[PDB]
Structure formats: C-alpha cells, structure tokens
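A short write-up of the structure that comes next.
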Amino acid sequence: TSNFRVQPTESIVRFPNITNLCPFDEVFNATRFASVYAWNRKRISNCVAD
Amino acid sequence: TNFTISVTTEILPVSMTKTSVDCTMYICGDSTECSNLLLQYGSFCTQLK
Ligand SMILES: *[C@@H]1O[C@H](CO)[C@@H](O[C@@H]2O[C@H](CO)[C@@H](O)[C@H](O)[C@H]2NC(C)=O)[C@H](O)[C@H]1NC(C)=O
Ligand SMILES: *[C@@H]1O[C@H](CO)[C@@H](O)[C@H](O)[C@H]1NC(C)=O
Ligand SMILES: *[C@@H]1O[C@H](CO)[C@@H](O)[C@H](O)[C@H]1NC(C)=O
C-alpha cells in the first residue's frame with residue numbers, strides 16, 4: 001500500500017555564531033554615496049546576516 | 001568400431017533479483033507537496049506497482 005519513512009532525527013540547528021560586528025552600518029549610513037556609472041564595491045562577510 | 005564418451009555443458013539463466021521502489025520517494029523524496037501534486041497527475045505509480 002504505502003512506504004514508511006526513516007524519521008531522520010530531530011532538526012539540528014548549526015553553530016555559525018561569531019562576532020556580530022558588520023560593515024553594514026557605515027555603508028548604509030553616509031552623507032555621500034557613489035555615482036551610478038562608478039559604484040563602490042564592498043565584500044561583506046565574516047559576520048552575521050543582519 | 002569404438003565408443004567415445006561425450007558430454008557438453010549448457011548455461012541457462014532462470015530469474016533475476018526482483019526490485020520494488022516506491023515512486024514518491026524515488027522521484028519527489030520526502031516532499032509532501034510533490035506527492036500532492038502527483039496525486040492528480042495520474043495513476044502511473046499504481047501501474048508501476
Ligand atoms: C577404445 O579406445 C579406448 C581408448 O584408447 C580404449 O581404451 C584403452 O584400452 C586399453 C586396453 O584395452 C588400455 O590399456 C588403455 O589404458 C585404454 N585407454 C583409455 C583412455 O581408456 C578401448 O580399449 C578401445 N575399445 C576397444 C574395443 O578396443
Ligand atoms: C557562539 O557564542 C558563544 C558565546 O559567545 C561562544 O562561546 C561560541 O564559541 C560561539 N560559537 C562559535 C562557533 O564560535
Ligand atoms: C546611521 O546614521 C546616523 C547619521 O546619519 C549615524 O549617527 C548612526 O551612527 C548610523 N547608524 C545607526 C545604527 O544609527
């Protein structure tokens with residue numbers, strides 16, 4: 001009639017937590033920005049996804 | 001004037017190992033919504049069984 005599943009444990013939450021200091025704050029809050037033809041490129045990593 | 005003993009071997013397969021795989025876990029795995037989608041697609045899994 002049907003099939004029985006494997007019941008693969010309980011949901012495991014991984015452990016990616018590190019220092020929460022991110023460069024989003026100083027790149028989102030500024031009095032002057034770059035132009036459309038020449039836009040600033042920043043590699044943002046090594047922190048949490050705010 | 002003389003007799004010679006003769007014997008030959010022959011090989012004939014009879015059957016293989018039968019298999020049976022449920023279609024839901026074979027195609028959509030553990031997705032319930034995929035099973036619900038294929039419920040109205042047809043009775044193909046019943047034909048395979
Ligand atoms: C048919 O051929 C076989 C094979 O040569 C004969 O068997 C031999 O017989 C002699 C004496 O009769 C023995 O010394 C040999 O050792 C036998 N050889 C084998 C391989 O068995 C047999 O005798 C022949 N048949 C007749 C009626 O002569
Ligand atoms: C998560 O935070 C705790 C407490 O700040 C720390 O001990 C732990 O090492 C962190 N996790 C990782 C993977 O570093
Ligand atoms: C946002 O911008 C203001 C000034 O525009 C600045 O004082 C502040 O530090 C910035 N960041 C946050 C998190 O408010």
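By order in the structure tokens, chains are A, B, ...; within a chain, residues start at 1; ligands start at 1, following the order shown.
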
Mind listing the residues within 10 Å of ligand 2, only C-alpha atoms and all ligand atoms counted, as a tab-separated table (two decimals) with N, CA and C atoms, in the first residue's frame?
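Final output, saved to out_13.tsv:
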```tsv
chain	number	residue	atom	x	y	z
A	14	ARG	N	22.58	24.51	13.27
A	14	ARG	CA	24.03	24.56	13.21
A	14	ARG	C	24.56	25.65	14.13
A	15	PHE	N	25.89	25.78	14.18
A	15	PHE	CA	26.56	26.72	15.08
A	15	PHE	C	27.45	27.66	14.27
A	16	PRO	N	26.87	28.62	13.56
A	16	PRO	CA	27.68	29.60	12.82
A	16	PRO	C	27.92	30.92	13.55
A	17	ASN	N	27.57	31.01	14.84
A	17	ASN	CA	27.59	32.29	15.53
A	17	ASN	C	29.03	32.76	15.77
A	18	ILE	N	29.31	33.99	15.34
A	18	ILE	CA	30.60	34.63	15.51
A	18	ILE	C	30.34	36.07	15.95
A	19	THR	N	31.40	36.88	16.01
A	19	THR	CA	31.25	38.29	16.35
A	19	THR	C	30.30	38.98	15.37
```

Would you mind listing, as a compact mmCIF listing (two decimals) with N, CA and C atoms, in the first residue's frame, all residues of chain B that have at least one atom within 9 Å of chain A, where only C-alpha atoms are what counts?
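See result35.txt below for the written result:
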```
# COMPACT_ATOMS: atom_id res chain seq x y z
N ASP B 22 9.15 2.51 -4.29
CA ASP B 22 8.01 3.42 -4.23
C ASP B 22 8.30 4.67 -5.05
N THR B 24 6.99 7.73 -4.96
CA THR B 24 7.02 9.02 -4.28
C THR B 24 8.41 9.36 -3.77
N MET B 25 9.03 8.43 -3.03
CA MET B 25 10.38 8.65 -2.54
C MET B 25 11.42 8.54 -3.65
N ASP B 30 10.99 13.09 0.10
CA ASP B 30 10.14 13.29 1.26
C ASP B 30 9.24 14.51 1.14
```

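Based on only C-alpha atoms and all ligand atoms, the protein and nucleic acid residues found within 8 Å of ligand 1 are, by chain and then by number, residues 1, 2, 3 and 4 of chain B.
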
For the residues selected in the previous step, produce a file with N, CA, C and O atoms as a compact mmCIF listing (two decimals), in the first residue's frame.
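Result saved to part.txt:
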```txt
# COMPACT_ATOMS: atom_id res chain seq x y z
N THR B 1 33.94 -48.66 -34.82
CA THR B 1 34.29 -49.86 -34.07
C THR B 1 34.54 -49.59 -32.59
O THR B 1 34.67 -50.55 -31.82
N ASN B 2 34.60 -48.33 -32.16
CA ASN B 2 34.84 -47.98 -30.77
C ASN B 2 33.88 -46.87 -30.36
O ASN B 2 33.37 -46.12 -31.19
N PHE B 3 33.65 -46.78 -29.05
CA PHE B 3 32.77 -45.78 -28.47
C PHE B 3 33.59 -44.75 -27.71
O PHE B 3 34.57 -45.10 -27.04
N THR B 4 33.19 -43.49 -27.82
CA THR B 4 33.85 -42.39 -27.13
C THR B 4 32.84 -41.67 -26.25
O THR B 4 31.76 -41.30 -26.72
```

Within chain A, find each residue whose DSSP state, derived from the backbone, is alpha helix (DSSP H), and express the selection as a PDB file with N, CA and C atoms, in the first residue's frame.
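Saved to out-v9.pdb:
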```
ATOM      1  N   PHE A  24      27.774  46.852   7.628  1.00  0.00           N
ATOM      2  CA  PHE A  24      26.538  47.363   7.044  1.00  0.00           C
ATOM      3  C   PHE A  24      26.225  48.770   7.540  1.00  0.00           C
ATOM      4  N   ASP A  25      26.557  49.061   8.802  1.00  0.00           N
ATOM      5  CA  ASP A  25      26.157  50.328   9.410  1.00  0.00           C
ATOM      6  C   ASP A  25      26.860  51.517   8.764  1.00  0.00           C
ATOM      7  N   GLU A  26      28.164  51.406   8.512  1.00  0.00           N
ATOM      8  CA  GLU A  26      28.899  52.522   7.930  1.00  0.00           C
ATOM      9  C   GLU A  26      28.741  52.618   6.417  1.00  0.00           C
ATOM     10  N   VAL A  27      28.213  51.582   5.763  1.00  0.00           N
ATOM     11  CA  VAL A  27      27.963  51.661   4.329  1.00  0.00           C
ATOM     12  C   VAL A  27      26.518  52.053   4.024  1.00  0.00           C
ATOM     13  N   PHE A  28      25.596  51.859   4.972  1.00  0.00           N
ATOM     14  CA  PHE A  28      24.218  52.286   4.764  1.00  0.00           C
ATOM     15  C   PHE A  28      23.986  53.715   5.238  1.00  0.00           C
TER      16      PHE A  28
END
```
